[PDB]
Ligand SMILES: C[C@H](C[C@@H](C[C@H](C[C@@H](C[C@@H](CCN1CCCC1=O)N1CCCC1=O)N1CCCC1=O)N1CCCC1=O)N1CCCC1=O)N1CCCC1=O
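This document starts with one chain, in the form solved without Hexa Vinylpyrrolidone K15, laid out as structure tokens.
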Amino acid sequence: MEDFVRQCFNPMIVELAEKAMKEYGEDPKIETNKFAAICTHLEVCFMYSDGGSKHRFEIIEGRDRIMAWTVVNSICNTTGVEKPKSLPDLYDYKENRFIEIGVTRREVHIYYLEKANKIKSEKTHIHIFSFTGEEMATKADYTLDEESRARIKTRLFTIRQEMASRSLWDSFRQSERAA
């Protein structure tokens, strides 16, 4: 998987993922599915951002956690928005709401439910992507325009194909579920 992740992702994403894993004391070379999942999720958060104008989103994922909470606090103090109980992925300055982004090798809808239950933050908007071209979002409100989303779905389908082609896909799919 390291050969693969290093070929398919921007080195800064790879570097952020490595930094996140050692920091949680996991080794990218043992936990290779986790490494790939981290990369994939970060990539999506960046592509999601690149869907709005430059004023639109605050990317909270991929940042030191402690600092990231301070940013969520400053947003919540400045705007009046309720404080989420779980750290989100983005803030949307147009809609004035936090967003949780999910990326799943399972079905979009069961993964939504599990995410909704897990994050215990009723006001966070949830947007789930699969590697099969599917998506689900809170109230079928998908936030971005259609082209921005197709770029994400396409990228995820592409990743899945490049994994499958290296015989990496089955292991990556089944590892989520084992988790």
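For every residue, the number given is its place in the sequence shown, counted from 1.
Keep in mind the form deposited with Hexa Vinylpyrrolidone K15 bound is missing from the figure; the text below concerns it.
Hexa Vinylpyrrolidone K15 is not shown here, and in the bound PDB entry it never comes within 4.5 Å of any heavy atom of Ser130.
Looking at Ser49, you'd find a heavy atom of it within 4.5 angstroms of Hexa Vinylpyrrolidone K15 in the bound PDB entry. Although the partner is absent here, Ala150 is not a contact residue: none of its heavy atoms lies within 4.5 angstroms of Hexa Vinylpyrrolidone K15 in the bound PDB entry. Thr158 falls outside the set of residues with a heavy atom inside 4.5 Å of Hexa Vinylpyrrolidone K15 in the bound PDB entry. The candidate site formed by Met12, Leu16 and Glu61 is fully in contact with Hexa Vinylpyrrolidone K15 in the bound PDB entry, as each residue has a non-hydrogen atom within 4.5 angstroms of it.
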